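Presented below is the structure to which this report refers.
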Amino acid sequence: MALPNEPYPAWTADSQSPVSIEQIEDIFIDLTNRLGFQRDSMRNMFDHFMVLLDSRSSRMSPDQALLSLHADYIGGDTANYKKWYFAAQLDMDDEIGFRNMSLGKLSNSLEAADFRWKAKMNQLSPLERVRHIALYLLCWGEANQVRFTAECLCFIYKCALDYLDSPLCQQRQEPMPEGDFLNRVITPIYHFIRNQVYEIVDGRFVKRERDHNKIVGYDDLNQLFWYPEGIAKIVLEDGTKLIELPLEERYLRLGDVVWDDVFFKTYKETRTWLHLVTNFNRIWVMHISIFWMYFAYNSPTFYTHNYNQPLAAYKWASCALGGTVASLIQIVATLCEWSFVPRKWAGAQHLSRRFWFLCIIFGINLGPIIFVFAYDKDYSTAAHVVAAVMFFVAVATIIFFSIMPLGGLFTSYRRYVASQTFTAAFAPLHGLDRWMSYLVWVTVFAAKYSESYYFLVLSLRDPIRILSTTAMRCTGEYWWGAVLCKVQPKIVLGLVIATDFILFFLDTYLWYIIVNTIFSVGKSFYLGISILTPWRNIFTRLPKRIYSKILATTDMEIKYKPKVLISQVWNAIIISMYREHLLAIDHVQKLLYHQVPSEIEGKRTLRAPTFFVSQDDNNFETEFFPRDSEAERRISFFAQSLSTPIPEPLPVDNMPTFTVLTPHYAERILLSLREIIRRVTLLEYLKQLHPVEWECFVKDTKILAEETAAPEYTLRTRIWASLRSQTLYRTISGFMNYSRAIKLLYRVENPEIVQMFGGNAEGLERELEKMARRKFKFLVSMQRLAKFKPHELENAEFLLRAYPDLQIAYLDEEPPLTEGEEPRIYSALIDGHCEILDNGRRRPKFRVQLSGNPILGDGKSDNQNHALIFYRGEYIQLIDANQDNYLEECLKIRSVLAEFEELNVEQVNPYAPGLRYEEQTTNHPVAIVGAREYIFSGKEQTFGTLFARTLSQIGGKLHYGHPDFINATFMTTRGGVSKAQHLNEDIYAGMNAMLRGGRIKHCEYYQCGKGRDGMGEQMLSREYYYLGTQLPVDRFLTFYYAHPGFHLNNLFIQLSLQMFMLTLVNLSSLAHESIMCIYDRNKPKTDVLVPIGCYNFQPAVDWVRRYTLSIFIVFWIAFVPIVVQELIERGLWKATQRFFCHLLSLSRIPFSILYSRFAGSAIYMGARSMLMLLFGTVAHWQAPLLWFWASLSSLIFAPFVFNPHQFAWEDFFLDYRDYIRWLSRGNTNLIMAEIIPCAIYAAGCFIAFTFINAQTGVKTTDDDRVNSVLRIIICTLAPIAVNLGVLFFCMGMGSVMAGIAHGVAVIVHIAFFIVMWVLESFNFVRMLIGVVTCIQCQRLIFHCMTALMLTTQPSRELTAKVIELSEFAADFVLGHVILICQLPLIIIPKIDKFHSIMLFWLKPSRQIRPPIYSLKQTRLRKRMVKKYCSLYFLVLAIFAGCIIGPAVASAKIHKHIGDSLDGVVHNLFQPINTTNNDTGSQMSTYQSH
Ligand SMILES: CCCCCCCCCCC(CCCCCCCCCC)(CO[C@@H]1O[C@H](CO)[C@@H](O[C@H]2O[C@H](CO)[C@@H](O)[C@H](O)[C@H]2O)[C@H](O)[C@H]1O)CO[C@@H]1O[C@H](CO)[C@@H](O[C@H]2O[C@H](CO)[C@@H](O)[C@H](O)[C@H]2O)[C@H](O)[C@H]1O
Ligand SMILES: CCCCCCCCCCC(CCCCCCCCCC)(CO[C@@H]1O[C@H](CO)[C@@H](O[C@H]2O[C@H](CO)[C@@H](O)[C@H](O)[C@H]2O)[C@H](O)[C@H]1O)CO[C@@H]1O[C@H](CO)[C@@H](O[C@H]2O[C@H](CO)[C@@H](O)[C@H](O)[C@H]2O)[C@H](O)[C@H]1O
Ligand SMILES: CCCCCCCC/C=C\CCCCCCCC(=O)O[C@@H](COC(=O)CCCCCCCCCCCCCCC)COP(=O)([O-])OCC[N+](C)(C)C
Ligand SMILES: CC(C)[C@@H](C)/C=C/[C@@H](C)[C@H]1CC[C@H]2C3=CC=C4C[C@@H](O)CC[C@]4(C)[C@H]3CC[C@]12C
Ligand SMILES: CC(C)[C@@H](C)/C=C/[C@@H](C)[C@H]1CC[C@H]2C3=CC=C4C[C@@H](O)CC[C@]4(C)[C@H]3CC[C@]12C
Ligand SMILES: CC(C)[C@@H](C)/C=C/[C@@H](C)[C@H]1CC[C@H]2C3=CC=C4C[C@@H](O)CC[C@]4(C)[C@H]3CC[C@]12C
Ligand SMILES: CC(C)[C@@H](C)/C=C/[C@@H](C)[C@H]1CC[C@H]2C3=CC=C4C[C@@H](O)CC[C@]4(C)[C@H]3CC[C@]12C
Ligand SMILES: CC(C)[C@@H](C)/C=C/[C@@H](C)[C@H]1CC[C@H]2C3=CC=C4C[C@@H](O)CC[C@]4(C)[C@H]3CC[C@]12C
Ligand SMILES: CC(C)[C@@H](C)/C=C/[C@@H](C)[C@H]1CC[C@H]2C3=CC=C4C[C@@H](O)CC[C@]4(C)[C@H]3CC[C@]12C
Ligand SMILES: CC(C)[C@@H](C)/C=C/[C@@H](C)[C@H]1CC[C@H]2C3=CC=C4C[C@@H](O)CC[C@]4(C)[C@H]3CC[C@]12C
Ligand SMILES: CC(C)[C@@H](C)/C=C/[C@@H](C)[C@H]1CC[C@H]2C3=CC=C4C[C@@H](O)CC[C@]4(C)[C@H]3CC[C@]12C
Ligand SMILES: CC(C)[C@@H](C)/C=C/[C@@H](C)[C@H]1CC[C@H]2C3=CC=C4C[C@@H](O)CC[C@]4(C)[C@H]3CC[C@]12C
Ligand SMILES: CC(C)[C@@H](C)/C=C/[C@@H](C)[C@H]1CC[C@H]2C3=CC=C4C[C@@H](O)CC[C@]4(C)[C@H]3CC[C@]12C
Ligand SMILES: CC(C)[C@@H](C)/C=C/[C@@H](C)[C@H]1CC[C@H]2C3=CC=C4C[C@@H](O)CC[C@]4(C)[C@H]3CC[C@]12C
Ligand SMILES: *[C@@H]1O[C@H](CO)[C@@H](O[C@@H]2O[C@H](CO)[C@@H](O)[C@H](O)[C@H]2NC(C)=O)[C@H](O)[C@H]1NC(C)=O
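Right, dumping it as structure tokens:
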């Protein structure tokens, strides 16, 4: 009688409740009779409302519970309905944008409408507030896809409310037919969404094939209701408009709207780089425009005439062109953005106004610069002062354009591109959070710009002066003379600057990591965590930290002895670990709190485990739990997390209700005996993996078996094996520790309740379970429970008997009501307490009909949305089906729900006339609280973990993921779990929540567990557009460098490696042919260069040292946050494992598949770069080039060094056998992406080739020009021509007739590698650049050919064949070189065992059973392993012979092949006996040609 039995005791048992359940029920019933809601959906939402009303009034008064629920749903500043109303109903979106900007920089009007709205809300009676929330929930509970479009539902709510309040409805006598709201209103909107993606093909539904710019999605549908212009587009069937009807007559005609003639695309996606320019224009302005000024200032030789350090007016006016560059990036950004947006919507007339202001600013920068340059008398103060002034106009332009957001440019004079309410409403940072965001980004760019000047630019001052002034003394080609080879130093310079332009971008990410690592270690030190202390200090203080931070002991109870309560909670944790078979009996006893007889007889005493004492008493080093154990992990994280700031909890009865929502489609529920016991079966594979867990399991099995002394025993092995594998049972069993934790806390903190029962221990467990049923709900969404196979159906029924309180929501098809129509779909809810019908299926508690099949998109989010109407409580924890939790973490739930900042706060009237928006303290609610996750059994994955504390403080966390909790009333009123309209990562998934004003938090003291499993389409999303062009700079820099700046960093690293190869092949080609001066160290600029006539290119060659260091640091800096994170928690040695797991990540898979899986990914590019790297080292050797050898050897030889059983003799040559069988058997967006980049690379190699044959420094005349351009044509087209020539034999004449053509292509391609080698007169260095050029030239030839035939018909299939013969030889020759490289190590005896020991010693040593072959097949194995062994040794004898052939052919004293040709073919073979050292004391005949 002292403990109420009613379902909602905090409301019903309180006498201060303004309205009873009877009145609240009559309101829900009246609304259903009036608007035709489903009766079963009304019962669901009536139950949902009462739980919200009972979880709220659990911690406040019932009057404040109803008032705060009305504010959060209808009329508060946190209500999405108030935001939509002030934007779409009152045209006040621009006023909201003005005050957002004014409030963001802090640490008839809008104000009159706000005061008028608060006074209308304040006069509502409690019954009117119930009717408002009930109407919204009833509309929300039958929306089922309009839940994804929040603002479409606000419009439907207002149409329904206006109709409801009218005499047209109050005077109506008959009720609306049941299901009328869904049939007439919701279903047509669903049919629009479905017909955008699906088509009817003779009766079924199959996806349409359309680009994403033809599909009107959820966002394009939602945004119509953001503006009064959009609502003015809603048109009825008869032709009229919806807004032409009185307010109360519009709901009744929402079924006559032709939604196809209304909805339209609001944001079209385009080419990826067009979005990067607009969305991240502030990133390009600073790097691109500061780079210009850095290099214009440090390159006086580009504007000095007849090179003279004076005449500074030219130096200042040349830097001042960085303001013209910044003003031009903004023009291009505005032009790109003008193509994403429809031309008459939401703004975009302000886009044309902005373009003209940016054209004025750009003219102001350009104009006076033209005056300075073109009106100078070759020290004119009329131009020396202009140049100085225009340098600061340039600087001020750069600062303005890289600070101020693009969308908020010139908006002070529809002024915004998108509505502010829903797109530009980010929560500002205040106080210490704000100053840390400033300090991070000031430090990142003060350190970046400081050392990018001294190391990237000042080091280049002499290379720029030298390479831009020297002219080569070459002879050149026959076709153009010496006009291309005398500008080679300038071509080398232009490539060097372009390579340093990309290093300018890699530099910023280098400093983002360095600064964030220091700030994430100084934050831990300041917060007191500061983990360098031994674990003895962490564990000794644990007993006191359990009393404070877990036990809610702020003295409601009368000061019980703390040791009693800690023991009751510490022991339950350990017993939980012991029943999980993680602790042995000798471990547990040393860890428990033990009752001991007192000094006084007939008494008991509590004493702490030595674990809490022996750590302090370090005389001994006993083991309480095993090394590297899971109990070692969980206890060490538990004690470590309780050393951090944790909010103090509420009593359990004051706790909010929450829900765990889990989507399930096809995952395994339980392991069945078939798949555990029948190359090693599952059950015996687990014993090998979890040995000590199993023996403790059987040891308990022995006790249980001998207790009864099998169906009981066969189950506990299915359960034991399921709890070690990724199953749904393991997740459900792990997250029912919330029910166990809530019961334990309720019992430990309420001794009076327990003592009240006093021996009625069975009746107490009813009381503890009644409370845990009230505060925790587990909801699993089983999408296909209606189509479960009987073994799966039996698995699900086992869940509902082990856990009666678990609820399962499922889709329930139903025959069509009339023949030749669509089946009816329902959402149904069952649980363990449901009556079990005759057919073995439980009768559903609720059964709500949908408009149609809800699964229209990418799966998970549609599943979560159908089951979302059955969630209860204030918070939802999203959970994935392959997770699990622990009791010691589930004990911290009351302090994780306190991160939403609604539990221990005062309640004020949200409609009080005194307050103004600016002084309200609840304007930005916490939307998401994220938590750490443990992966049991990547760069950015563990980048975020170390930075998560700093990124959450400065607003940089946008994670709508699976391990985290959400504010249910905030999120479900604003679109829900996701959008279901695209393989988006969850790293940036809740930014709709952040765009709409919610904050996203991160707690470091909670950690669940989860099992493991190009730019992307993320860059084309509108959320990047809204975030990029509207965030303030400090918060834009955190947004860019967290997710998208990481993906661009990877791209820039690759581009920087391909531009170094093009630069190196030209810088080594220039150093090979030049006599370079002795590089005197510590010498002035105009000092004497020792060999008179030399080239001073040693400074330019040393640039390779500096670039190599830069890209070496850039590689190894991505590991610093990885090592520091593990070094600071594990402490000494586990950093090494994560360092090597990260580094290594970067039967026997055959070469036929392993090579083909990485051929177009790393092998092809890395084999072309290795040829270019090979030329670089032989042409001019430098030590730093070794790192590019190691980094390219690994890139190619990684997949073939970790393949198990790759390196043994016998299996090696059998893999070659199937490799050969694989070879024979089997019978403007493209141009601007990889066609021009492919031509530039061929041109850059062509320049390097022709210069190395330019005879630099040979005393020649006009007829000593070589025709090295012809050598390219002869060695590029001729192998292609003969590839086509044989295909005309096949048509003139299917493996024998094809392998002859396949064999011919290999022969000719190798033959012309030999033809080039002799055209260069047997010069190995000149051949390498010759062959590289031809490979790149054929790639360009096919690349333009492929796009030409893939935008005649008989050749449209022929061209794809000649492209393939040359392609085939590329695979044949490249494949063997990988194989031939395996030769020196297979001949090492005992290499397979030697290699495979570390293949399993460093990793867990998984064992595959050694195969046993027939003694008849073995005789065939011996033959065939020695059959193709004699072929691999012969292809190696042909590949080798092609190398020692021309190499030995140097014994050709006779002058050179073809001494008597004349004309376009004279000197087709490079001359010899020519010494290109024309430097020295000789000063006559300066003219080498
Ligand atoms: C060596 C390294 C280089 C140093 C960089 C030097 C550049 C200096 C930038 C100065 C700066 C960025 C600071 C962030 C540092 C990040 C550095 C990263 C470097 C980038 C590579 C600080 O901005 C000022 O800082 C003040 C202090 O916090 C604060 O003033 C407040 O507190 C005072 C005290 O209580 C108090 O007196 C005062 O009343 C308060 O108002 C305000 O934020 C602001 O006045 C400017 O930021 C911009 O300021 C704009 C108007 O404010 C702001 O509004 C603009 O955009 C909106 C949309 O259209 C819209 O509002 C408008 O269109 C437009 O007006 C922008 O949103 C914002 O982005
Ligand atoms: C103000 C900003 C300035 C910043 C500096 C800008 C430098 C950026 C240059 C990058 C660039 C321009 C080259 C020059 C073009 C002409 C310009 C005129 C030149 C002067 C006259 C060439 O660089 C790219 O780099 C790739 C990596 O090396 C490489 O791809 C090669 O390596 C791979 C792994 O090794 C491997 O797949 C394979 O070996 C190759 O594919 C190619 O070389 C090339 O695609 C183009 O970048 C690319 O553009 C793509 C679509 O726009 C974009 O793809 C996205 O959209 C696609 C649509 O459907 C979609 O299909 C993609 O899924 C999607 O991801 C790429 O993300 C982006 O990379
Ligand atoms: C000692 C002297 C050595 C020189 C030997 C030279 C003799 C060679 C003689 C003949 C071989 C020439 C055949 C290829 C000709 C056509 C080129 C071609 O098809 O490119 C293709 C790949 O193919 C390559 O990239 C070739 C790479 C070089 C490997 C060949 C030599 C390997 C030796 C060096 C090994 C490392 C050396 C380091 C030290 C060992 C490009 O295909 P794709 O464009 O990526 O297709 C993508 C699909 N898409 C278009 C739709 C996107
Ligand atoms: C970053 C952009 C906006 C502009 C400011 C960059 C300017 C750089 C390239 C140039 C312009 C003014 C230069 C100037 C400032 C101070 C002097 C001292 C003088 O004895 C030698 C040159 C030296 C050391 C240079 C350093 C680099 C500067 C700062
Ligand atoms: C990738 C970018 C940075 C490349 C294309 C730019 C290179 C420019 C900045 C550099 C490379 C070589 C330089 C070049 C070398 C010498 C000459 C001749 C002189 O009478 C005027 C300056 C002039 C014409 C300059 C102009 C600027 C040049 C062209
Ligand atoms: C990134 C750096 C390396 C590049 C962009 C530097 C570019 C500037 C320094 C160079 C490139 C083109 C040059 C430009 C082209 C032609 C003229 C006219 C001549 O009578 C004097 C030099 C003068 C006036 C120079 C001025 C300086 C310029 C603008
Ligand atoms: C938004 C950015 C683009 C705005 C604020 C511009 C910042 C520039 C002007 C400022 C920020 C940091 C400054 C930087 C830091 C330290 C020195 C070292 C000195 O030997 C050369 C100039 C140099 C390298 C200056 C150049 C000017 C810089 C680069
Ligand atoms: C990379 C290639 C495509 C570039 C360098 C080719 C340029 C050639 C085709 C063009 C550019 C300017 C022309 C030109 C300038 C100087 C040369 C060398 C001289 O003795 C005869 C005239 C001659 C031959 C002519 C004809 C062809 C030239 C050299
Ligand atoms: C990114 C790389 C691939 C591209 C940009 C390389 C560009 C450099 C090599 C090329 C592009 C424009 C060229 C440039 C334009 C015209 C003149 C002709 C002559 O008077 C000197 C060489 C000079 C000055 C050359 C030097 C080399 C340049 C600068
Ligand atoms: C005026 C110059 C100095 C400033 C604006 C810099 C311009 C370059 C660095 C930037 C601005 C515009 C960019 C450009 C616009 C659109 C795409 C198409 C895509 O398929 C390849 C990359 C590409 C072609 C990129 C390449 C890099 C560009 C050309
Ligand atoms: C001020 C800007 C415009 C100047 C300095 C820089 C231009 C660079 C960034 C742009 C222009 C030309 C581009 C270039 C042309 C061809 C090569 C090799 C190809 O296989 C991949 C793309 C790649 C690697 C890209 C890299 C980025 C480049 C080099
Ligand atoms: C990576 C590739 C794309 C870069 C390096 C090549 C750029 C070529 C197209 C550019 C850079 C150097 C230029 C070259 C340098 C000097 C002049 C002399 C003039 O009388 C004719 C044009 C001519 C001969 C031009 C022709 C075009 C060239 C060769
Ligand atoms: C792998 C096979 C196909 C190798 C052996 C092919 C070799 C032939 C195709 C190539 C290799 C080098 C070539 C050889 C080098 C230089 C000369 C001198 C010239 O005045 C006539 C052609 C001649 C004599 C050619 C003939 C064809 C040869 C011999
Ligand atoms: C196994 C095969 C692929 C090996 C042996 C091929 C070797 C050929 C291609 C190599 C080795 C010896 C070379 C040979 C020896 C000397 C002469 C000089 C001149 O008179 C023409 C080229 C010529 C004839 C070259 C051509 C290329 C040859 C013939
Ligand atoms: C190219 O020829 C010049 C001139 O014969 C050589 O220059 C000599 O280099 C040595 C090396 O220190 C100096 O001691 C001599 O004083 C230089 N001679 C003159 C006249 O300056 C140069 O070494 C040669 N380069 C080669 C052979 O690679």
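All the letters of the sequence shown, read from the start, carry residue numbers 141 to 247, 280 to 479, 485 to 555, 558 to 592, 598 to 862, 869 to 899, 932 to 1159, 1171 to 1214, 1218 to 1249, 1265 to 1397, 1434 to 1514, 1558 to 1623, 1639 to 1696, 1724 to 1861 under the entry's author numbering. Note that the Cβ used here is the ideal one computed from N, Cα and C, for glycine as well.
(request) Compute every distance between the C-beta of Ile-1659 and the non-hydrogen atoms of ligand 14, then say whether any falls below 6 Å. (result) yes
(request) Measure the C-alpha to C-alpha separation of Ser-160 and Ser-198 and round it to an integer number of angstroms. (result) 16 Å
(message) On the criterion of 16 or more Cβ atoms from any shown chain inside 10 Å, does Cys-669 qualify as buried, or is it exposed?
(response) buried
(message) To test your reading of the DSSP string, which unbroken beta strand (DSSP E) runs of 3 or more residues are found completely within the stretch 616-642?
(response) none
(message) For ligand 4, is there any heavy atom lying closer than 6 Å to the beta carbon of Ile-462?
(response) yes
(request) Sort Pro-727, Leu-1078, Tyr-1241 by Cα distance to residue 1548 and report the nearest one. (result) In the model shown, the chain runs from 1514 to 1558 with nothing in between, leaving residue 1548 without coordinates.
(message) Any heavy atom of ligand 4 inside 6 Å of the beta-carbon of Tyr-439?
(response) no
(request) Spell out the partners DSSP gives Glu-661 in its beta bridges. (result) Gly-665, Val-1596
(message) By alpha-carbon positions, which one of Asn-294, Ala-227, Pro-298 ends up nearest to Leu-282?
(response) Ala-227
(request) Measure the beta-carbon distance from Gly-1344 to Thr-1851 and round it to whole angstroms, keeping in mind my assumption that it falls under 8 Å. (result) 4 Å
(request) Could you please give the first and the last residue of the uninterrupted alpha helix (DSSP H) stretch that includes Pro-339? (result) 339-342
(request) Would you kindly report the start and end of the unbroken beta strand (DSSP E) that includes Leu-1033? (result) 1029-1036
(message) In this structure, how does DSSP classify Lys-1212 when only helix, strand and coil are distinguished?
(response) coil
(message) Helix, strand or coil, according to DSSP, for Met-232 in the structure here?
(response) coil
(message) Please report the distance separating the alpha-carbon of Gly-215 from that of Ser-1073.
(response) 29 Å
(message) Given the structure, does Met-465 come close to ligand 4, in the sense that its CB is under 6 Å from one of the ligand's heavy atoms?
(response) yes
(request) Inspect the CB distances between the stretch 1657-1668 and the stretch 1763-1783 and report whether three or more fall short of 8 Å. (result) no
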